[PDB]
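The block underneath contains the structure these notes are about, expressed in structure tokens.
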Amino acid sequence: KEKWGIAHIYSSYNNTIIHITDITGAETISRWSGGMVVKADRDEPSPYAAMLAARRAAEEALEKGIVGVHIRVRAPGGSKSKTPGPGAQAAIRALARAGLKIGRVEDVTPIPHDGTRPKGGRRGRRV
RNA sequence: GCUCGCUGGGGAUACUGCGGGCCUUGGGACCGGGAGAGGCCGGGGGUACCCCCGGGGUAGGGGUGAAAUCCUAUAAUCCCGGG
Ligand SMILES: [Mg+2]
Ligand SMILES: [Mg+2]
Ligand SMILES: [Mg+2]
Ligand SMILES: [Mg+2]
């Protein structure tokens with residue numbers, strides 16, 4: 001019939017991770033991060049690295065019989081920043097261009113209802 | 001005039017003081033329908049985060065203006081089921 005999977009995208013200011021699993025999430029199909037396609041630590045969160053990683057993951061998934069994916073994109077969340085980095089949209093676009101169909105798209109960033117205390121003291125980073 | 005201070009008598013009753021009588025406006029008591037993260041005690045929850053166990057996967061993760069220390073083949077980061 002139709003084999004559909006899930007693409008988990010983890011986007012921060014330092015890196016990007018693209019992880020394709022099956023429909024239930026318990027079996028991993030492919031997994032690629034920004035540090036596996038570039039040489040400079042400064043280029044890990046760039047959109048171009050996201051495109052490269054997404055292309056590699058999409059090819060590996062396509063060779064195994066996956067047809068389309070639903071997308072779940074997240075920032076670090078918690079007591080860290082709630083906003084996704086610059087590589088999320090580039091990752092989303094590259095998956096479609098590689099040949100996979102796209103289902104529904106939603107963000108699953110974990111948000112606290114007044115949880116724990118963040119780092120930096122009561123004055124924050126002083127730079 | 002000064003020693004602005006003392007003392008024997010007579011007169012007045014507006015104000016202050018003292019005694020008596022009569023009030024309700026200030027203050028207090030009580031009744032009615034409502035408002036509020038005011039306080040104390042008991043019970044039930046919400047996501048988030050950390051650690052441990054089991055399944056998948058394999059070479060990086062993290063962090064900076066740029067790096068390094070640090071974590072990772074005793075299988076990390078990431079995903080799933082539980083405590
Ligand atoms: Mg890296
Ligand atoms: Mg410190
Ligand atoms: Mg300075
Ligand atoms: Mg395991």
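Each chain gets a letter, A, B and so on, in the order the sequences are listed, and its residues count up from 1. Note that these values count all heavy atoms, side chains included, but never hydrogens, waters or copies made by symmetry.
- In the region residues 40-71 of chain A, proximity to RNA chain B at under 4.0 angstrom, judged on heavy atoms, holds for A:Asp41, A:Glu44.
- Of all nucleotides present, only B:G61 satisfies the Watson-Crick or G-U wobble test against B:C70, with each distance under 3.5 Å.
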Reading 5' to 3' through nucleotides 70-83 of chain B, protein heavy-atom contacts under 4.0 Å coded B for base, S for sugar-phosphate only, - for none: -------BBSS---

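- Checked against side-chain hydrogen bond (donor to acceptor under 3.5 Å, both in side chains), A:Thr83 has no partners two or more places apart in sequence or in another chain.
- Nucleotide B:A48 carries an anti base; the chi torsion (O4'-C1'-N9-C4 or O4'-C1'-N1-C2) is more than 90° from 0.
- Contact check, A:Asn14 against B:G61: no side-chain N or O comes under 4.0 Å of OP1 or OP2.
- No side-chain heavy atom of A:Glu60 sits less than 4.5 Å from a side-chain heavy atom of A:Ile29.
- With a negative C1'-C2'-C3'-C4' torsion, the sugar ring of B:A75 falls in the south range.
- South puckering is assigned to the sugar ring of B:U25, since its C1'-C2'-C3'-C4' angle is below zero.
- Taking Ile, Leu, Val, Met, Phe, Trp and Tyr as members and joining any whose side-chain heavy atoms lie under 4.5 Å apart, directly or through other members, the hydrophobic cluster of A:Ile17 also contains A:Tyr10.
- A distance of about 41 Å separates the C1' atoms of B:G60 and B:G45, rounded to the whole Å.
- Here A:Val67 sits alone; no ILVMFWY side chain lies under 4.5 Å from its own, so it joins no hydrophobic cluster.
- In this structure, the CE atom of A:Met36 is 11 Å from the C1' atom of B:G57, given to the nearest Å.
- The six-membered rings of B:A37 and its strand neighbour B:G38 do not satisfy centres under 5.5 Å apart together with planes under 30°, so the two bases count as unstacked.
- Nucleotide B:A35 carries a north-puckered sugar, as indicated by a positive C1'-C2'-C3'-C4' torsion.
- Distance noted for atom P between B:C41 and B:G34: 30 Å (whole Å).
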CA sep, side-chain torsions, deciding dist, call: A:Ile92, A:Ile9, side chain to side chain contact (heavy atoms under 4.5 Å, CB included): CA-CA 9 Å; A:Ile92 295 181; A:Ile9 299 177; 4.0 Å; yes

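- Scored by the side-chain contact (heavy atoms from CB on, under 4.5 Å) test, A:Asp22 finds A:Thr24, A:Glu27 as partners (sequence neighbours excluded).
- Listed by chain and residue number, nothing satisfies the side-chain hydrogen bond (donor to acceptor under 3.5 Å, both in side chains) test with A:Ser12 (two or more places apart in sequence, or in another chain).
- Here, B:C40 and B:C70 have their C1' atoms 49 Å apart, quoted to the whole Å.
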Intermediate values then yes/no, side chain to side chain contact (heavy atoms under 4.5 Å, CB included), A:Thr16 and A:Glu44: CA-CA 7 Å; A:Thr16 308; A:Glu44 282 175 345; over 6 Å; no

Please tabulate the protein-to-nucleotide N/O contacts below 3.5 Å involving nucleotides 45-48 of chain B, giving atom names and distances.
unit_1	atom_1	unit_2	atom_2	d
B:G46	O2'	A:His113	ND1	3.0
B:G46	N2	A:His113	O	3.1
B:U47	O2'	A:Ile111	O	2.7
B:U47	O2	A:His113	N	3.1

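- A:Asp43 is linked by a side-chain contact (heavy atoms from CB on, under 4.5 Å) to A:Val38, A:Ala40, A:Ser46, counting only residues two or more places apart in sequence or in another chain.
- For B:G65, the OP1/OP2 oxygens have a side-chain nitrogen or oxygen of A:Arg125 closer than 4.0 Å.
- Bases of consecutive nucleotides B:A67 and B:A68 are stacked, their six-membered rings being centred less than 5.5 Å apart at a plane angle below 30°.
- Residue A:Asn15 contributes atom CG, which lies 11 Å from atom P of B:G60 at whole-angstrom precision.
- Nucleotides B:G61 and B:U72, compared at atom P, are 16 Å apart to the nearest Å.
- Side-chain contact between A:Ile71 and A:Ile102 is present, with at least one heavy-atom pair separated by less than 4.5 Å.
- When all heavy atoms of A:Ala7 and A:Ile20 are compared, the pair lying nearest together is CB-CG1, 4.3 Å.
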Solution key, residues 105-127 of chain A side-chain donor-acceptor pairs under 3.5 Å, sequence neighbours excluded:
unit_1	atom_1	unit_2	atom_2	d
A:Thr109	OG1	A:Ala75	N	3.3
A:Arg126	NH1	A:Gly124	O	3.3

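- Look at the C1' atom in both B:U58 and B:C78: the space between them is 11 Å, to the nearest Å.
- Note on residues 55-108 of chain A: pairs passing ring pair (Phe, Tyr, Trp, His ring centres under 6.0 Å), not counting sequence neighbours, are A:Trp4-A:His70.
- Here, B:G42 and B:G63 have their P atoms 42 Å apart, quoted to the whole Å.
- The furanose ring of B:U69 falls on the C3'-endo (north) side of the pseudorotation cycle, as its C1'-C2'-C3'-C4' torsion is above zero.
- When the side-chain nitrogen and oxygen atoms of A:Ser33 are compared with OP1 and OP2 of B:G61, one or more of them lie within a distance under 4.0 Å.
- Not both conditions hold for B:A73 and B:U74, whose six-membered rings lack centres under 5.5 angstrom apart with planes under 30 degrees, so their bases do not stack.
- Going by the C1'-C2'-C3'-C4' torsion, the sugar of B:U7 sits on the north side, since that angle is positive.
- The P atoms of B:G43 and B:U77 are separated by 38 Å, rounded to the nearest whole Å.
- Between B:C80 and B:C49, the distance separating the two P atoms is 12 Å to the nearest Å.
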